[PDB]
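Shown below, as structure tokens, is a lone chain in the form deposited in one PDB entry; questions about how it binds or moves come after it.
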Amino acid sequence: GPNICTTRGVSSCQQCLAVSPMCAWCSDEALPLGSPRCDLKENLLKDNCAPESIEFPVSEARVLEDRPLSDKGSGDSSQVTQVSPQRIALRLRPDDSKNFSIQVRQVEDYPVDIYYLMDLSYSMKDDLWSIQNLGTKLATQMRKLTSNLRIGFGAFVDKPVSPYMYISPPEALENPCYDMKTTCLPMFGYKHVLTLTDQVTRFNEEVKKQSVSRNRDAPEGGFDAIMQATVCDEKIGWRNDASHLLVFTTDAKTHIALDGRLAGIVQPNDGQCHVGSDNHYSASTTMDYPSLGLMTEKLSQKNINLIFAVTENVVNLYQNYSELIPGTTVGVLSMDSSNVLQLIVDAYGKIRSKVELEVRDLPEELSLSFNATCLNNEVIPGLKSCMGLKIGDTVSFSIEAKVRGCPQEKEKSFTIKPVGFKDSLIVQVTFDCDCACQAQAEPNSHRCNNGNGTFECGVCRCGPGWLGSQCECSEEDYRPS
């Protein structure tokens, strides 16, 4: 028949299978000379070909870990499961495609980690006063949602260098508030204070002994603190199995990368942890501010949800910044931080009201398409996200993996993961672009004439110079007429 596989003279199985996914190959020598060895699967059975001889590999997806979704987050940490199936293996042919489904559930009562990162410029003295007992109030409110709350604290002002820092008289270095006849701490870049702990009373104990500082310019060095609180896992104390909330409170504009050049800092931010045993960000005066791209990368790697709790005068600015950083939300902070608790509680609700998927280590030969079955049994095509959810909701995505060619490496596993969650689905892709019969072909086979060609999968494959179906002659010396 005029099938696609018959449109060209494929050399052997190695090429017959690569023509199209429904092409098939017959290896029997009894195959009549008038029947092409490459054709549709059913055709080879209409002709004389042993079913066991027909190779015709097919694509499949196998589930390897298929633990059920958990009900509530409390209990054994190793048992809580939010994504199923956890591992699947894909075998597929060149330019082939397969479909598999992934279910995502936001389990209730999940452990939560809150790191409170606070701006301590002079305008935040009243804010610091108002939150002196936020630990107990925060513990009381979060009790309705999670039973394993942990909280921590940290502070930032700006890079302690000119022109940001006061250096004019000698005494201003020790008390930058001298000219207004009052005392305050010397400026500091970033300062880790309290490691994430479930002793909420320690949050009250530690925040009462903090003091504000004073810088010259309006923009703050917050992004340095955001970077450091992310990549310093050991000191901050992030739990691998928990929801990570990074609360960032400020009432002023923010410095951005390449601003440090004015201060003589030209070294790009490396994204490493530089918080020493004194809990101060040592590289503050040496490394430039991080860029939004690096911050986003590090947040994604560590599964951190960043919340901007900023005052009215900068809410629009931080909303625009959040547009560029997936997994972040903005809230309006009062001029004295009196509403920070409700802001945090609302932000936590919004964060777990949305499911978004991300992929890592995807081979360049593969492409993915997503169909989202958000909420009830209705599908929104072409979306890898679903919104309007509530804690406990279960969402299902349907994914199609598409090939491009046939890579030399036959295993290029990759990962599919919801944003902000540790649980992930690992795809063990195996490119099946090969023929098993090739390994047992006779080299320099006398099956062909004079050993001129290898007997590849039931058909001659001539060596250099030789031609012909039986590899009879070294030259043609042949006329169709």
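Residue indices: 1-based, along the sequence shown. Here, rigid core means the biggest group of C-alpha atoms that superpose within 1.5 Å across both forms.
The form deposited with a partner chain bound is left out here; the points below concern that form.
Scanning 239, 280, 410, 216 against the partner chain in the entry with it bound with a 4.5 Å heavy atom cut-off leaves one residue, 216. When the partner chain is considered in the entry with it bound, only one residue from 339, 123, 195, 371 comes within 4.5 Å through any heavy atom, namely 123. Although the partner is absent here, residue 220 sits close enough that one of its heavy atoms falls within 4.5 Å of the partner chain in the entry with it bound. In summary, the region of this chain contacting the partner chain in the entry with it bound, judged by heavy atoms within 4.5 Å and restricted to 141-149, 394-402, 70-78, 208-216, corresponds to 208-216.
Comparing the forms between the shown form and the other one on their rigid core, the Cα displacement of residue 473 reaches 2 Å or more. Once the cores line up, the CA of residue 21 ends up less than 2 angstroms apart between the shown form and the other one.
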